[PDB]
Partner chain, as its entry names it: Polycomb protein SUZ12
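Take a look at this one chain, the form solved without its partner chain, written out in structure tokens.
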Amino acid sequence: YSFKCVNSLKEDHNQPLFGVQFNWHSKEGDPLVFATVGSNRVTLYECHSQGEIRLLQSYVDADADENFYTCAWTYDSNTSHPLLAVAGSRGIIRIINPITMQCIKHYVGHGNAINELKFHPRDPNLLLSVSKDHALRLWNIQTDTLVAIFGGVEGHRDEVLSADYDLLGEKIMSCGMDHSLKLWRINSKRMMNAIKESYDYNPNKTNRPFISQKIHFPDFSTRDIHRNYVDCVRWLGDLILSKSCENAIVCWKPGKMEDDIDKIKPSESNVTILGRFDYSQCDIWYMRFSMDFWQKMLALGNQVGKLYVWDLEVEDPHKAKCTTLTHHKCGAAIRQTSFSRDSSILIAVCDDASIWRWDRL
């Protein structure tokens, strides 16, 4: 069963769609749902049979000058109800109730735009934001606390564009405009204690403010993978996938070939390149690749509407199998893609506000 294009639509604001995410927490027996973000809007859609994309409801920011760049799903840890976090150029994180599209609460702190949001893979309350102000921030949305800020002179020296947690949420890799990729361990004694204290914090029961950690030294750093802005990074096991605007996703690891990622010291000067997935016409800034839930597949769109999909179910990264998907009516730049949890549907969103649905048939 290969992917076939079954439907498309266009949002009425005619501005770029910069983010799309399926809700991988959608419940058994419920339709698949994805969110899109662009302009000052967040919109939810349901996937139905015969390729139908059913429009539900939007959240529209009161600031006409807001531009949402990113969204991420989680759930309420006490009720299991789904939640959607969104953020963009205003640097405000909004937690949206996707049922009613009400803004439930918001967080301010970043000195500028937020370029990506990610939830911890094991803890639905821990939200990571990366910002134009050169820092990452880790929030606890259960107690509304800023747990840690990752920055300083040895942190990123320009806008941070992307970050990703590893499998267990023990470490973060970040990347951005300074061409660098940086590792931040969050399973240190200091960070585990900070997370524990954030859960114990209730401003109604104490006089102290909550103290955020300032983490000023990454556990690894390299500028030897890309030669331009690094705008997307993801873990693949202990390996890293990252891209710039140089028509390539590089698969690499810190240290030499046989170096364990958890033995890597901050002074480590070597990296190892395990493969590189080349493609065409994707040389503009701000284009994201995505993986499915099981990390069997990788997808990326290019600036003229072509989709590349790599099968990662092979013995080594450089053996990945590529397929391409095109439609004669899809010619705008694809900023982000999202697989449904089972990988039966792939959605792409574009600079002309169009949405493209591909079904595995």
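Throughout, rigid core stands for the largest set of C-alpha atoms superposing within 1.5 Å between the two forms. Residue numbers count along the first chain shown, from 1.
As for the form solved in complex with its partner chain, it is not shown, yet the points below apply to it.
Within this chain, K196 is remote from the site of its partner chain in the entry with it bound, having no heavy atom within 4.5 Å. In the entry with it bound, its partner chain sits within 4.5 Å of a heavy atom belonging to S212.
For the chain shown alone, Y201 is a contact residue for its partner chain in the entry with it bound, at least one non-hydrogen atom being within 4.5 angstroms. Its partner chain in the entry with it bound is approached by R137, whose closest heavy atom lies within 4.5 angstroms of it. In a core superposition between the shown form and the other one, the Cα of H318 is the only one among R54, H327, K296, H318 shifting by 2 Å or more. The Cα position of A248 differs by less than 2 Å between the shown form and the other one after fitting on the rigid core. Superposition of the core reveals a Cα shift of less than 2 Å for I284 between the shown form and the other one. In this overlay on the rigid core, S267 has a C-alpha that sits less than 2 Å away from its partner position between the shown form and the other one.
Put simply, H13 and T100 spread apart in the entry with it bound: their C-alpha atoms are 3 Å or more farther than in the form shown. Relative to this form, the distance between the C-alpha atoms of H318 and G237 is increased by at least 3 angstroms in the entry with it bound.
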